[PDB]
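In: enclosed are the sequence and the experimentally obtained structure.
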Amino acid sequence: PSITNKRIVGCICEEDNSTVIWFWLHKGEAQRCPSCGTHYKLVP
Amino acid sequence: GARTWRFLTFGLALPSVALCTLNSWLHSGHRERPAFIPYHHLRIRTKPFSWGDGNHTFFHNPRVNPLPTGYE
Amino acid sequence: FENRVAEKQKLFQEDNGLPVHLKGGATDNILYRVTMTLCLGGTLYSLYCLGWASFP
Amino acid sequence: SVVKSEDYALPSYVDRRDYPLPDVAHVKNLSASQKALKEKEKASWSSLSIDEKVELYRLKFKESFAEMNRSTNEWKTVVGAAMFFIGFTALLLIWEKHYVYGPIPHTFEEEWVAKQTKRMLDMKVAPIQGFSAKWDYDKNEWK
Amino acid sequence: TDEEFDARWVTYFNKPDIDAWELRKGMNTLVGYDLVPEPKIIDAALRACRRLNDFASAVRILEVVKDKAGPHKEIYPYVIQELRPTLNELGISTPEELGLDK
Amino acid sequence: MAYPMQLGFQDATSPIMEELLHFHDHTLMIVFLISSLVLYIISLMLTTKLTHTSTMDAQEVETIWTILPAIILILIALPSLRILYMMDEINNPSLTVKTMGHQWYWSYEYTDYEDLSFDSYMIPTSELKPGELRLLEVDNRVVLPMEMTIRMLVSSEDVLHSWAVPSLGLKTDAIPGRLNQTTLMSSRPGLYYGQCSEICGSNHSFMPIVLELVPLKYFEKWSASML
Amino acid sequence: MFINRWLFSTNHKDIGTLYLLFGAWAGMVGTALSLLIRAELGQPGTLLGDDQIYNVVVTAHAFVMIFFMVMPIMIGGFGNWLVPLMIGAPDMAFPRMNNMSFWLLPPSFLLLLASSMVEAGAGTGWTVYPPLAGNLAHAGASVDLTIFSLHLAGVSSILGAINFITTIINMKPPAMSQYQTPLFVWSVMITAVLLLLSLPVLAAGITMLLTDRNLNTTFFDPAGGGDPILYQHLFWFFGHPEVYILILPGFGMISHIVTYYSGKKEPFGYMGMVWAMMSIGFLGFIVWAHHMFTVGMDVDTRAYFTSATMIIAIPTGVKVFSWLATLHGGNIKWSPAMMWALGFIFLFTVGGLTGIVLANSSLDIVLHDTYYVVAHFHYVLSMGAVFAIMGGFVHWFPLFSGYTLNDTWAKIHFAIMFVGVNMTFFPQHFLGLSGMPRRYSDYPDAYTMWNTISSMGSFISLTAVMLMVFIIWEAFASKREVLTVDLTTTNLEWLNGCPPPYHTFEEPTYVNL
Amino acid sequence: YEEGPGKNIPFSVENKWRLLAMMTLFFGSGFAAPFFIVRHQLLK
Amino acid sequence: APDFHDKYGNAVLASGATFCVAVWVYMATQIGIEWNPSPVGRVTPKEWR
Amino acid sequence: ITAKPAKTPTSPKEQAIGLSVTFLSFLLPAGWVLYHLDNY
Amino acid sequence: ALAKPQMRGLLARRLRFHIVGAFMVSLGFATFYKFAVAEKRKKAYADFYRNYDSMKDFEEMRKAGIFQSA
Ligand code: HEA
Ligand code: HEA
Ligand SMILES: CCCCC/C=C/C/C=C/C/C=C/C/C=C\CCCC(=O)O[C@H](COC(=O)CCCCCCCCCCCCCCCCC)COP(=O)(O)OCCN
Ligand SMILES: CCCCCC/C=C\CCCCCCCCCC(=O)O[C@H](COC(=O)CCCCCCCCCCCCCCC)COP(=O)(O)OC[C@@H](O)CO
Ligand SMILES: CCCCCCCCCCO[C@@H]1O[C@H](CO)[C@@H](O[C@H]2O[C@H](CO)[C@@H](O)[C@H](O)[C@H]2O)[C@H](O)[C@H]1O
Ligand SMILES: CCCCCCCCCCO[C@@H]1O[C@H](CO)[C@@H](O[C@H]2O[C@H](CO)[C@@H](O)[C@H](O)[C@H]2O)[C@H](O)[C@H]1O
Ligand SMILES: CCCCCCCCCCO[C@@H]1O[C@H](CO)[C@@H](O[C@H]2O[C@H](CO)[C@@H](O)[C@H](O)[C@H]2O)[C@H](O)[C@H]1O
Ligand SMILES: C[C@H](CCC(=O)O)[C@H]1CC[C@H]2[C@@H]3[C@H](O)C[C@@H]4C[C@H](O)CC[C@]4(C)[C@H]3C[C@H](O)[C@]12C
Ligand SMILES: C[C@H](CCC(=O)O)[C@H]1CC[C@H]2[C@@H]3[C@H](O)C[C@@H]4C[C@H](O)CC[C@]4(C)[C@H]3C[C@H](O)[C@]12C
Ligand code: CUA
Ligand SMILES: [Cu+2]
Ligand SMILES: [Mg+2]
Ligand code: NA
Ligand SMILES: [Zn+2]
């Protein structure tokens, strides 16, 4: 969910990873975590 | 959480035990036993003990525990 | 006494752009001006007192 | 390809040897001839000229590995400038000696030092290694 | 094991409908490892570039093989040797043939 | 005393100072080795174009990283604590001397037998005799018998001072209302110098200590002459 | 608008900026004091006056460098700027109390400069030991002004510690555990716990000194049954934790800089790094009497303090080796910030090792109150804390400002400062071993060569400080605006652009479980 | 409030020469103060 | 195209080095600084009493 | 990092002025005090 | 045709070779340091005191005029 057309996602790719992977998710086609490939879709 | 208490167990508690084990295993050599003095407030015998010859304490150590009459 | 919290909620949520320290009205401005005048004036007096105490 | 401040939240282009395939093309907008070149790229690459292959590389990427990894003469500027400013420091120390420092104590006079040196040898200052140890008391000279 | 690692990576790049994102993810992940990829892995990545109509990424893959070899100057010319049949078949010019080593 | 361009400790005048020199050599070898190993490893990490940027497993290597340092610290601690307890051992002194710190000079009291006390002030630079050391000479030296165990008791009648003689391995704080003890034994006759070692105001730099170590018979006659 | 923004701030970034400006000004004062010290010692004889004016300069040098330069820059500046951004928080827990932590410091600094202007100053050392600091040997207002300076700096840091602990515990994304926060955030939480526990004990001790000076108490006066050594215990119970407070945020910045310029997504051995910082913080409370090995304590006490102090080398070593293991296999970028961090790893190690020499009470008899101690602490402070500050400053300046530095100038700055600090402090080891005391305005003639070289070093460091001011001017003068920053996926503080908007994370991050 | 480069600071960077003057006074006053304090203590 | 370092690097390195050595040698030897070196192998001891 | 070219480039001459003014702001006041120490 | 070179574990191989190199050097420096500093100091003190005559040392000092008490 977002009240705008982009939001920062933090992806904890595997349980108990200390490293969080951060990226902007934009309105439109699903994007993938650049570390694990997990799909995220914005719902403004 | 379990993760925090495991972190304390291995990161603080067992290291403490290891350090106290090292401390102890460095001061573990036998102390020089003191001259026997037949003090009336020590080696009390009001009734024989219910084991052995009645005159030896339960965890009697010949090296450091004298009898009423002195070291064995 | 009576519960007048609703009337104070209306006053402090009024859409007037005032910061919370001035939003009670004219008395807040007065108490703000007294406080800041004593602080700034007292600070100038503390500086004068250092000037004085810096010489025998 | 003009990169704008207001684009910080969008996927961006990088030349990094550890990130060889970046998130976007170097050049996104294509001229008529560049559009024809991308169509030609869908056919056999054997039919592309060397110039066409270089143009396809330069649309996708800004610098080659050889370009992004190149060495520079920057070390000359850094070492030389550091030595200049260290030299400038010696000017401050010359100024300080001339205009700030007065005479040093009379105990540094050559004759004082000669007498203090003998007195240190007479009291056998550091006779095992440090000082008197280096004096030959038999021959009356330094070892 | 080495053979199992190499087989996983060949399979990854050989997926017929591999997309551009997967091609990049693969190469950007692969270059993090303490190795220069075996020619069979590079061959499969270059054929993925062909299915994706991406000539430039094929050249870039050859550059990153050279880069991962570091001071070991014998590795890159060995890998190019092993890839020559694939380079000829797909019309892939090396970075050297394109002057991109200057 | 120190000499120009000196790198290390003043030569040892007492057996304990000899012990501290050998302990310092052992410790400094370890410091040199660890310093060197870290610099070398930095330089190794920074001199290759080869890369490995994926997640690396820590636990095996952390065993080495903890056990080896623990062993090295034990190898320092063992001789460190042997020397600590050796200085603390019972020795039976032949003589007790007191020193009182003052702004800015030392007084000495030798009261085993007679009431012998005196003040000990820095020789001003303008009054040094040829050959004498700036900021180190005193008017009245602390004459003591060589090759004898001496109990030194240290206090102050004003602010903190600290009574130090580096070549004997000595430094005892001078605290008003407190009597601190140390033992002094010189293997050699001579002159042994120290300087006040606790900030004590305007002339902290200018209240030194000079021990004069001589045969017992000379010390006895000096003592008698100082009453 | 200007007053509302800069005097009435409730914004973590602007308050961070106020702290960095305050710290930079303080660093110039501390540098000037350091040059007066080395001018006095740069040739044998007397330059300024006797030990009183000299020790006023030494005392002020230490208080300015520690309380007005390092703590405000590391905690107030980097901590306020980075901590909220690194956890996706919209500000600090107590954004108005945050502003009071900042505004207490100008008055604290004013009281210290007043101490030096009235009477003959506070020539006490930064430890302020009685009876020299008492109302007989330091009659008049100077020491009381120093005590009040410390009281205001203490309240500033206690309220700041409450703010950081609360923010770091309470304001992370709900999916983020403490074991998913960056090392810099851990380094600030641990430093804040040390401040919370240590500063109140200092406050109690200096309050007792105040009452001995002004209300006829005798806490430290043997005439009333007091003990000067009690003051030392209370001071050092604070003072050892204080040095871990000065280095911990530097350890956190070094972890980030080494990771970033190695091209890594993460530091080597994250949980080991957290363990090491918590271990150092804990051990730092049980070692204080290594500052008191010559006061006359019992041998078993000296044995305990020797042993407990040496234990700190184990967790500290895990951090040094973990930094080396972060470099291992990196795509190394030889940025100015990387040069600061690499100098840190080496020079901090040397100063840590001379600390281990000093931990040995037997050897400390001869090294205590000598320049060997001065060499130890300037390796860890003037080449450790300062190198971490300079590394963090050149790394994050473009985040804070939106502008780039000239990297060539920044490398020149590093090279000059590296030569100057080593030339200043390396020879002080020789002065310490050979017996030169601390807090001396003049030295026996034998010590002239190393004091001469040390003073020349200090002038090279001055040239570096002057160049740094020019480098910051050149960045604001030229206005090179940041475009792209690498590795934003593992450096959240950069992901809102350069500089970030006044309000960030108005909509919080999405992190699922 | 103004946002962006040169606007998130309590000093102006609109003119690099006015900025040099302000930075000179700022850092210069900090560096000068101890020399003038020593002068003050010597002149009593 | 050639940058600052390509154009000026050689001159900055040569001039900086020459200047630094010259001014430090002058400071060390020509303005009366007392280094107080070791008397060992240097000073002839002289009667003091 | 990448960045735009300077919006207000600082020429070598302008840099020599800034560096000179910066150094003088540190050196002249301290210099004046240290030169006059004997007078004090 | 070129031979297949080693392509895997090149960074690990370099690390293993050089860490062993550093260990071997550490042992060489410790042996050197034992010899040039530590043992040299023990032998300098042992040799100084072996036939040391404290009364003769004192007599030389006394005759040089160094003492207040003699
Ligand atoms: C940032 C500041 C800082 C830091 C971090 C430290 C860290 C340490 N300090 Fe220091 N210290 C000071 C600032 C600091 N110190 C100051 C200001 C004083 C003087 C106070 C005054 O009187 O004014 C001082 C004084 C002081 C004394 C008192 C000496 C005296 O007055 O006589 C001692 C005594 O033990 C001490 C020891 C230590 C030790 C053991 C560490 C340890 O934390 C160091 C640990 C680090 C390492 C050991 C290096 C890395 C480790 C490895 C590579 C692993 C392998 C190592 C081994 C096996 C040994 N220091
Ligand atoms: C952080 C602490 C710190 C720092 C950095 C320093 C730095 C320096 N110190 Fe000092 N010093 C102490 C803390 C520090 N000192 C303490 C605690 C004492 C003991 C006091 C006592 O005995 O009571 C002491 C004592 C001391 C003495 C011993 C005095 C004596 O015993 O008589 C000497 C002698 O040379 C000395 C010199 C110097 C020199 C030449 C520097 C130079 O290296 C300084 C060079 C300049 C810098 C390092 C720049 C600083 C500025 C910044 C980093 C600003 C950055 C700006 C931005 C980020 C925008 N200091
Ligand atoms: C190793 C960890 C601890 C082990 C615990 C003990 C082991 C054996 C017995 C277990 C029962 C312990 C309970 C406490 C009772 C009394 C004594 C036990 C303490 C002990 O073990 O003490 C020993 C003596 O035991 C003696 O007398 C002999 C004791 C044996 C007979 C005891 C009989 C008395 C029982 C009393 C029961 C009362 C129960 C109360 C219930 C209350 C409900 C309302 C000490 O040895 P020692 O040689 O004197 O000195 C050592 C010299 N080297
Ligand atoms: C010799 C004389 C020297 C004395 C120096 C005196 C120093 C300063 C003068 C003090 C002026 C105090 C004015 C009141 C301050 C109140 C702070 C407060 O109450 O702060 C709160 C947070 O601290 C909390 O809770 C919990 C913490 C509350 C702390 C209250 C203030 C403490 C002041 C002194 C503390 C010293 C510590 C004593 C132990 C050594 C609120 O945080 P804000 O950011 O405001 O708001 C957040 C909003 O969401 C609220 O709706
Ligand atoms: C709103 C901004 C803040 C307002 C600032 C107000 C400042 C004016 C204060 C008046 O100054 C006073 O002067 C008295 C002298 O007339 C002093 O008396 C004291 O000092 C005298 C000196 O003669 C002595 O009689 C005694 O100590 C004592 O009465 C006293 O110290 C001082 O305060
Ligand atoms: C007393 C302490 C003194 C410290 C001395 C500081 C020395 C200053 C170094 C500046 O010189 C440059 O450094 C670059 C790095 O900063 C080099 O980059 C080159 O070399 C690197 C490989 O080592 C690569 O990462 C780069 O891609 C490449 O361009 C570049 O060629 C070189 O001229
Ligand atoms: C630790 C930081 C300091 C490092 C060293 C500072 C370097 C010196 C910078 C120059 O400072 C100036 O030097 C002049 C002399 O060279 C002084 O003029 C003085 O001397 C002149 C020549 O005799 C006279 O003409 C002037 O009237 C007289 O004020 C002048 O006042 C002073 O500002
Ligand atoms: C009458 C009034 C009602 C309050 C209300 O409900 O508004 C009562 C409720 C509780 C009362 C208070 C409590 O009973 C406790 C106090 C009792 C004392 O006898 C008078 C004062 C005292 C402090 C009371 C004042 C006042 O009468 C209160 C406040
Ligand atoms: C258990 C805990 C957290 C593990 C996790 O949940 O990820 C880890 C983190 C750091 C670890 C410690 C550090 O690696 C330092 C030590 C390393 C030794 O090999 C074992 C003990 C040692 C003291 C470790 C014990 C334990 O494995 C710790 C404390
Ligand atoms: Cu007496 Cu210092
Ligand atoms: Cu400590
Ligand atoms: Mg002391
Ligand atoms: Na002097
Ligand atoms: Zn993921």
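Out: Received the coordinates, thanks. Numbering: from 1, shown residues only, chains lettered A, B, ... in the order given. Ligands and ions are numbered 1, 2, ... in the order given.
In: can you tell me the element residue 15 falls in?
Out: You didn't say which chain, so I picked chain A. When elements are assigned from DSSP states H and E, residue A:15 belongs to no helix and no strand.
In: wait, chain J was what I had in mind.
Out: Element membership for residue J:15, per DSSP H and E: helix J:12-35.
In: again, but for residue G:100
Out: Going by DSSP H and E, residue G:100 is in helix G:95-103.
In: now residue F:143
Out: strand F:142-145.
In: around chain D, pick out the residues from chain A.
Out: By the rule C-beta under 8 Å from any C-beta of the partner chain, the part of chain A lying against chain D is A:6, A:24, A:26, A:34. For the C-beta atoms, the positions are set from N, CA and C on the backbone; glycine is no exception.
In: ranking these by neighbours, who comes first?
Out: Within those, most neighbours by other C-beta atoms under 10 Å in any protein chain shown means residue A:34, with 20 neighbours.
In: which ones are touching it?
Out: A:21, A:23, D:23, E:25, G:489 (C-beta atoms under 8 Å, 6 or more residues apart in numbering or on different chains).
In: make CSV from those residues and add distance to ligand 2 to it.
Out: Shown next, in CSV, are the contacts of residue A:34 (distance: C-beta to the nearest ligand atom, whole Å):
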residue, distance to ligand 2
A:21, 31
A:23, 31
D:23, 34
E:25, 40
G:489, 28
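In: mark which of these are buried, thanks.
Out: A:21, A:23, E:25, G:489 (16 or more other C-beta atoms under 10 Å in any protein chain shown).
In: surely the first one meets residue A:10?
Out: By that I understand residue A:21. Yes. Using C-beta atoms under 8 Å, residue A:21 is in contact with residue A:10, at 7.0 Å.
In: how about chain H: which residue is closest to ligand 4?
Out: Closest residue of chain H to ligand 4, C-beta to the nearest ligand atom: residue H:1 (19.3 Å).
In: and that residue, how many neighbours does it have?
Out: Residues within reach of residue H:1, counting by other C-beta under 10 Å, total 13.
In: check whether stretch F:6-26 contacts chain I.
Out: No. Applying C-beta under 8 Å from any C-beta, one finds stretch F:6-26 separated from chain I by no less than 8.7 Å.
In: and that stretch, C-alpha only, in PDB?
Out: The C-alpha coordinates for stretch F:6-26 follow below in PDB (Å, rounded to 0.1, in the frame of the first residue of the first chain):
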ATOM      1  CA  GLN F   6      67.200   8.000  24.200                       C
ATOM      2  CA  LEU F   7      64.700   5.500  22.800                       C
ATOM      3  CA  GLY F   8      64.000   3.200  25.700                       C
ATOM      4  CA  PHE F   9      64.100   2.900  29.500                       C
ATOM      5  CA  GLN F  10      67.000   4.400  31.600                       C
ATOM      6  CA  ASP F  11      69.400   1.600  32.500                       C
ATOM      7  CA  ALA F  12      68.200  -0.500  35.500                       C
ATOM      8  CA  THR F  13      69.700   0.400  38.900                       C
ATOM      9  CA  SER F  14      67.600  -2.100  40.900                       C
ATOM     10  CA  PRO F  15      66.800  -5.900  40.300                       C
ATOM     11  CA  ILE F  16      63.000  -5.100  39.900                       C
ATOM     12  CA  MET F  17      63.900  -2.400  37.200                       C
ATOM     13  CA  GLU F  18      66.000  -5.200  35.400                       C
ATOM     14  CA  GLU F  19      62.800  -7.500  35.600                       C
ATOM     15  CA  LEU F  20      60.700  -4.600  34.100                       C
ATOM     16  CA  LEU F  21      63.200  -4.200  31.200                       C
ATOM     17  CA  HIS F  22      63.000  -8.000  30.200                       C
ATOM     18  CA  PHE F  23      59.200  -7.900  30.600                       C
ATOM     19  CA  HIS F  24      59.000  -4.800  28.400                       C
ATOM     20  CA  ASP F  25      61.200  -6.500  25.800                       C
ATOM     21  CA  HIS F  26      58.800  -9.500  25.800                       C
END
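In: what parts of chain F come near ligand 12?
Out: residue F:198 (C-beta under 5 Å from the ion).
In: show me where chain B has helices.
Out: B:2-8, B:14-24 (DSSP state H).
In: let me know the secondary structure of residue E:62.
Out: helix (DSSP: H, G, I helix; E, B strand; the rest coil).
In: any idea how far residue F:48 is from it?
Out: The gap separating residue E:62 from residue F:48 is 22 Å, by C-beta to C-beta, to the nearest Å.
In: likewise residue G:376?
Out: From residue G:376 across to residue F:48, the span is 34 Å (C-beta to C-beta).
In: ok, these two, which is more surrounded?
Out: Just comparing residue G:376 and residue F:48: by other C-beta under 10 Å the higher neighbour count belongs to residue G:376, 24 against 18.
In: which residues touch that one?
Out: G:351, G:354-355, G:357-358.
In: secondary structure element for it?
Out: Counting by DSSP H and E, residue G:376 is part of helix G:371-380.
In: excluding sequence neighbours, find me the nearest residue to residue 13.
Out: Looking at chain A here, since you left the chain open. residue A:36 (3.6 Å; C-beta to C-beta, 6 or more residues apart in numbering or on different chains).
In: actually chain K
Out: Spatial nearest neighbour of residue K:13, excluding adjacent residues (C-beta to C-beta, 6+ apart): residue K:6 at 7.5 Å.
In: quick check on residue 40: phi, psi?
Out: Picked chain A for this. With angles defined as degrees, to the nearest 10, residue A:40 sits at phi -130, psi 140.
In: which residue does chain K have closest to chain H?
Out: residue K:68 (38.8 Å; C-beta to the nearest C-beta).
In: could you check whether the biggest helix by length in chain E is close to chain F?
Out: Across chain E, the helix with the greatest residue count (assigned by DSSP H) is helix E:75-90. No. Helix E:75-90 does not reach chain F (C-beta under 8 Å from any C-beta); its nearest approach is 11.0 Å.
In: anything in that helix near chain D?
Out: Yes. Helix E:75-90 comes into contact with chain D (C-beta under 8 Å from any C-beta), by way of residue E:90.
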